[PDB]
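In what follows, one protein chain appears twice in different forms, each by itself as structure tokens: structure 1 and structure 2.
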Structure 1
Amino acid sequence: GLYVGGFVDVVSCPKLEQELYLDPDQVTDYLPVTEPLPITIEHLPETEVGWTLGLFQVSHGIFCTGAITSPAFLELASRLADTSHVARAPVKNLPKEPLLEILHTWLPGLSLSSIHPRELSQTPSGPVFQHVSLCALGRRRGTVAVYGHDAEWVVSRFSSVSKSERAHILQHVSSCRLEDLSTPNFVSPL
């Protein structure tokens, strides 16, 4: 399996003219989000690679846990990890887990798409959040994303998340199962 975790940036209209990064306190009333949102790359809808497992308010911000489940993506990324000089160039030499290191390096940002704050003054009508994207650019408040084969290992890499908060996060990561979720839409260009 592949899991991803980290603190997110909250962004309205990502990659558009009206792009607006939100202070996390503007959306904490609408957390936690336990139901799965798509995980895409750089806010491109045709690059779904997995599903979120939880978005939680913790002390230092908003933490996301996700599962990367697309077999096409996993196979392609693993192959590039083992064969692509470009993918490996900016990573430490000869890592034991090249797929994890390449993802951590090339897609360090977690970006949570939100509706615009004007919708949050009142009571919003529909879903406040749309998706989480793995991003090469745009990280501000978010931390560098951690990729791993177990969810416990991934969350345990953030010393800024208490054992207590870790337990709360991992509680739901285990409750909401993955196998039943639909296959993400990513198509390998190879």
Structure 2
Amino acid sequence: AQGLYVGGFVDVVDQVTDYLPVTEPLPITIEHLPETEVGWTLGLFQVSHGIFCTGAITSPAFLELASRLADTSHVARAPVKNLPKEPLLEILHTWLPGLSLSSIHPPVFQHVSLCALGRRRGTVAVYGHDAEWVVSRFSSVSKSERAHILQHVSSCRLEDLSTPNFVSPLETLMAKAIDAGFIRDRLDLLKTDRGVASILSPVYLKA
């Protein structure tokens, strides 16, 4: 429970099913905003149900931020359900539950973004300290597919990843957070996404 991992689909089934996989670390950002790098992807793969992504959140500045947020957030006092209390993971599921891959349409992909809500359905993320647990949450990802994905995750020492560029003004992130509460049916959409992604309970998802 030292490292922070994230995983989920960036797309659930022109097309990018030909520039995959991307095993090289891509930056993980927030709401496609510049200077919001929080970590790196540990692999983008094509699988039966879509393009699955895995990554690690390493940005110390961001982890500090996320940590301060969880301290005052309602998630800090929220009653335990099925899992032990993990403010960090829970605040992430309240704040940035979605995933979005950025690409040009026709260095083919620039980054993966954590966001308030994915534009594509079933693009809900799963945050965790255990990569295997994280990937196993997706019942739509076969055993062989998972084993493969994890092989890539473990083959990389997070300790060798460069420091993410996270300096963006906090106001900019706050504005996105404010705008999110007004995204219509966000909570409903978020609930559907969970199903579309075939995520298994228990998870720290907040909807």
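Quick note, the numbers are simply positions in structure 1, starting from 1. Basically, rigid core = biggest C-alpha set you can superpose within 1.5 Å across the two forms. Residues that one form lacks are left out of the comparison.
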Problem set entry | Residue among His60, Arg157, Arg141, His149 with C-alpha shift of 2 Å or more between the two structures, core superposed | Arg141
Exercise. Honestly, after the rigid core fit, is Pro95 moving at least 2 Å at Cα between the two structures?
Worked result: yes
For this session: Can you read me the CA shift for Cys176 between the two structures, rigid core superposed, in Å?
Result: 2.6
Exercise. For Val86, what C-alpha shift in Å is seen between the two structures once the core is overlaid?
Worked result: 8.6
Exercise. Just the runs, please: which groups of three or more residues in a row shift their CA by 2 Å or more between the two structures on the core?
Worked result: 9-11, 84-95, 137-139, 141-143, 187-190
